[PDB]
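Chains as they are written, first to last, in the working numbering: chain X, 1 to 344; chain E, 1001 to 1114; chain F, 2001 to 2080; chain S, 3001 to 3089; chain V, 4001 to 4164; chain B, 5001 to 5111; chain H, 6001 to 6171; chain G, 7001 to 7313; chain C, 8001 to 8095; chain P, 9001 to 9069.
For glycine and all other residues, C-beta sits at the position ideal for the given N, C-alpha and C.
Please read the structure below before turning to the comments.
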């Protein structure tokens, strides 16, 4: 808790570095396992009956997934021989490869663990870990974008926004809304991988900054919609404006930075001549907007959440990047069109 | 281009192609500087402090850091767009047969009524 | 003495096996760096051939002769 | 790699490298050809010029081209029973 | 594939028994010129079909080596040979006492040399045979190299994006 | 042969069981009991978890056994490779194992 | 009689059926000894005694830790035999049809496979390795090394430090 | 093959004739007369037990288990008697590609005999003697491999044939002075007749792998448990003792090797009579807490030594 | 080729074993070490046949990490029984 | 090392005579150019191809780790 907690947090940072700086297929496998040993201790922390359920659920629905990844690594010895992270060569190898990564990024048939895991974390700082862990397998897919069968990656893009756009509608838990907002945004990620690998890294930069701000806005304890409802009428009134700005950006709207994903994804897809697929991407994106729309009604409406208790003392939270990152999350449109080139 | 062919992998600056001249007091730099000033307004709303504009003088750190990172970010922007144009123009001259020119023609087209 | 001689005898009194765990393992790191004999062991390790010798084409070369006993290249003579 | 290593190297990943002691690979003859063909960027991205050398590399590790050939010889020897038999060994 | 002739190289090839060859390390010192040239041929050109002619001279000199020992000082050679086969594979251990009877008889003839330490890999070429350096297995260079041009880009007027 | 050496010992061992199985037979009454050793009726019928007490010390073995397996190169690997480059790496695995056991001293467990 | 590895590979899958068809971690525990120990013979016959016997050192020792939770935690209620339960035996009887029916096609001609590759006979081709190396022989003969893969030594040392500290936080 | 059959039948007799020594030497240690009535010096009594326990004794457990239980005495002998095969001796039966790896693997596999005897009785009374037998063996498997590695790096490789040739002038007891003292304790990892020992003897708790078993399976357990004691005594006489080799005369080696082992054979029964049991908790504190940092410090020491002064096979 | 097809068939049964859950949670942790056992045999045969020597170090690293996840999952099994009574896949609260 | 290549050449000539004897009438087998499309390096690989018949000789040559005499 005092010293070793910093070391455990550093090993996730170091674990991703092994994935980032790699040439060997067994080296990234180590990097994925470095995350397995380092997230689960922070998943527990306080030790709860809810935390025990989520930690085992996060373990079993990811460690078995990495074991499928090692099969694809071994097929790279069976076929094509060389241990190099460039191409899979075999179509049989790519099928077990993509579905292993789909347990972390694709989501469309592997979303099931996400809502239970995100709600199971007792800490607000622990919620950052899930949104940051998705950086690791994206760097793998950025390397092996050829050879992979596009018919079974684009299904993990179309269907994921459908279940992501429906799965958050019947959820009041604030952690659960953010769990399916993850699935909704990960649907776009798997769509750019066949159509121009650049901007896909910038898609993460927009996503991570926008989500890291979101959970740090919930440093004042909130777990449900009705608990986040009592924020302007009882606590700080100017804080809800920044929550409003982040939620309006999470759904694709032009005067905010959250339209810059929707800008280039459709732009690069149309260059490869595809009309019927990106039309369905835009209509299903409206279903994503609905969750944030209901959650902006905790900042705009009256709703009567006053309660008996009233806070007078000034709040002193951690707030790592709660001032620099929301400014880039709100008003990045004019200083944005040239930025696709800067990422890669 | 997504993958490097002429430039060496893993580099912060260009270095190999430095001759381009960076922008001096650009209209783009003023907006990033405004964003650095905007972050120094909203931090006094989170941590409840008197006056958004006439508050603490820790705002100068927020203005400088956005300009400093932004200047290197804009340097990468002007470089990558130049390499994109450099590779495109070289591709046409090397092939020659891929590009064809047609100019000055009078051809009939159907006109709409009403 | 504050911790050199004063604290050392406290380890001998309670749990005396802890003294040997630090002293013997500690000397195992210091000795291979300072002692003038460690470089000799690497010399014989490189000299002992695992694979068969390879023949190279000779065209104006120094310190190269036939397989017969003659002064060529270097040849190990370090201690008998 | 999304970010590459500079100065310090942690390679020894690809086939046919600097050997552990001196012992060479079993497929080292076909391994040398694949590096020589795909050293340029416009070879594996094209995946048409190195098609001949990749098919020869497939023969080395899997032995599938030799497996179907040796299967035909062993079947014909089993099929010819009590009619036309030869045994020099 | 084109295989070798049915007549084969070297008439009456190889010694009758093993360990006998391992007992004598003097084969490294005497008759090395035919051995090393075959070795130089085989590493440069990996095909056994090309350097079989030099391999014929190796086996021919091998018969010449053993016939010299069988004529002069045969009895100390046989006693040393029975000693090495009585034990497992010590090679030089325990049989050092009987090794004193050997070599000393061989020293009377000029055909005797001690290994002392190591061969250290010697390089010598005195046959060449069509030079033979460039052959390998490669047939195609595959479009030589990709087209690359360096001229340094100026600035490029206007960004490619919609808003500029 | 290794296969013929292992099977002949195994077949002779199982054959001795058959000798002690079929020769002594006269009567088998409802006489044999579940717990034995001390007597009386078993208060703890069938199976019950029990567990705990050694749960931390047993887990650490599964973690440590992998490292000792990674220490097995030491007498067999140090023959061809350079010793000075190996010295920094060979000790490195042994040093960190003492660090993990140093963290095991601060509250070892219930055992 | 010509086959050495192929007969052992039948026993390898035989123990693996007692995992999908759940026989409790005692009868299912036996699989890691029966199919695991025979699984070493698959490695041993191809070559390299080190890596072949390395499976024996951990998958029996680590199984004792698993055994430390068979008589503990959860499973201590009923033994649950794979010959008694109707839901379990149904998975085993279909499990053996995935193995024994496949061997029926191996005898005479090439065997039918779900994968594109044909199995054929391969008795002498089962080894598929020439003598080549003599002194310091086998690729597995000098397998484990600290040199060349110096980066791999550090991270393995790190991962075995993390776990000890991490499990302490969980418990 | 005749050698394997000439290494089970005379070896089972050595485990049979052990029963004499188990109460003759142990008897005189306690000042009491052991075997006397049956034979000239009770020599007919060890062979009488084979007629006693197998032909006439019939038990099979009550509630029992299915195929397992009777599988365990097959696992007891068929994994502990196989240990005689990789032994270097004057000449080994099929000399292994790596010697001690097979010795360490099959010894840990021999522990399963007391493990499967826990599920011999479905009742909870027997498995307490099994759960105690887990920890009294699981911890000591750590050092058993580490102390080996310090000796193996000092002399030769894993091959047991090289371990005879390395001791030509002096024994390995003198260079490995604290490590030799460890192999009087670490050898008692398996359930052996000792003071350190494991959950097998009575004294405080019920007899492990004996309360569930009969006479016939229970008799087969002793033919395996006491067999491991000789096995560790021979294995110590290879790693730490040697004296001479002599490949020409096997007669001079066979007499000299047996005396060295027999002095160690008495030494474990010397330990058994002298000292009480170390307790379940406190045996886990002898090693791990106290002895594991000592062995690793000596393991650190034995890594540097071949680099300090040339010592590579 | 021939030997690979049998150990690939053993992988598919253990694949189902990780996806099948009945009563106890202990079956998964056996199958986690089971699937790693099948991958280890597959790695051993591929590297040794077409000799590598350098890359024969890789499965030894893989075997270390094979039980790295297995030790952590087995320690998580301990804390579930402390919160509940017996570890059950049938007994869960979260939605 | 020459003794290895002396045996491998003799095994190849025995295989050439067996292929011509078995295939004569209906089946199409040329044996020329061989399996490899390179036909410049020509690897020996005499382990799967070496000894087409006789079980007693083939079993001893293939196994070296097994039995180990």
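If you drop the 5 nearest sequence neighbours on each side, which residues of the same chain put their C-beta closer than 6 Å to that of residue i?
i	result
residue 1049 of chain E	1055
residue 48 of chain X	122
residue 143 of chain X	85
residue 7289 of chain G	none
Verify the CB distance criterion: does residue i have a CB-CB separation below 8 Å to chain C?
i	result
residue 5051 of chain B	yes
residue 6105 of chain H	no
residue 5004 of chain B	no
residue 93 of chain X	no
residue 3061 of chain S	yes
residue 5055 of chain B	yes
Can you find a C-beta in chain F that's less than 8 Å from the C-beta of residue i?
i	result
residue 7303 of chain G	yes
residue 7098 of chain G	no
Which residues in the same chain as residue i place their Cβ atom closer than 7 Å to its Cβ, once the five residues preceding and following it in sequence are excluded?
i	result
residue 271 of chain X	none
residue 6035 of chain H	6011, 6012, 6014, 6015 and 6016
residue 166 of chain X	287
residue 4999 of chain B	The question about residue 4999 of chain B has no answer, for chain B in this structure spans 5001 to 5111.
Can you check whether the C-beta of residue i is within less than 8 Å of a C-beta belonging to chain V?
i	result
residue 9005 of chain P	yes
If we cut at 8 Å on Cβ distances, does residue i have a partner in chain B?
i	result
residue 6146 of chain H	yes
Given residue i, which residues of its chain have a CB within under 8 Å of its CB, disregarding the five upstream and five downstream residues?
i	result
residue 3062 of chain S	none
residue 7306 of chain G	7153, 7154 and 7312
residue 6095 of chain H	6017, 6020 and 6021
residue 5097 of chain B	5064 and 5067
residue 145 of chain X	193, 194 and 197
residue 230 of chain X	305, 306 and 307
Taking 8 Å as the CB-CB cut-off, is residue i touching chain H?
i	result
residue 5086 of chain B	yes
residue 72 of chain X	no
residue 5060 of chain B	yes
Per DSSP, residue i is paired with what?
i	result
residue 8088 of chain C	C/8024
residue 5106 of chain B	Partner(s): none; residue 5106 of chain B has no beta bridge.
residue 232 of chain X	According to DSSP, which records beta bridges pairwise, residue 232 of chain X is partnered with nothing at all.
residue 3076 of chain S	Answer is none; residue 3076 of chain S lacks a bridge partner.
residue 171 of chain X	For residue 171 of chain X, which the question treats as bridged, DSSP gives no partner whatsoever.
residue 224 of chain X	X/173
Kindly say whether residue i, judged by its beta-carbon, lies nearer than 8 Å to any beta-carbon of chain S.
i	result
residue 9008 of chain P	no
residue 21 of chain X	yes
Is the CB of residue i under 8 Å away from at least one CB in chain G?
i	result
residue 4099 of chain V	no
Measuring only between beta-carbons, confirm whether residue i sits less than 8 Å from chain E.
i	result
residue 239 of chain X	yes
**OP:** For the region 7-79 of chain X, list the alpha helix (DSSP H) runs that are entirely contained and at least 4 residues long, ordered along the chain.
**Re:** 25-44 and 49-78
Subject >> Sequence ranges, alpha helix (DSSP H) only - wholly within the region 8001-8089 of chain C, length at least 4 >> reply: 8004-8019, 8026-8049, 8058-8066 and 8068-8083
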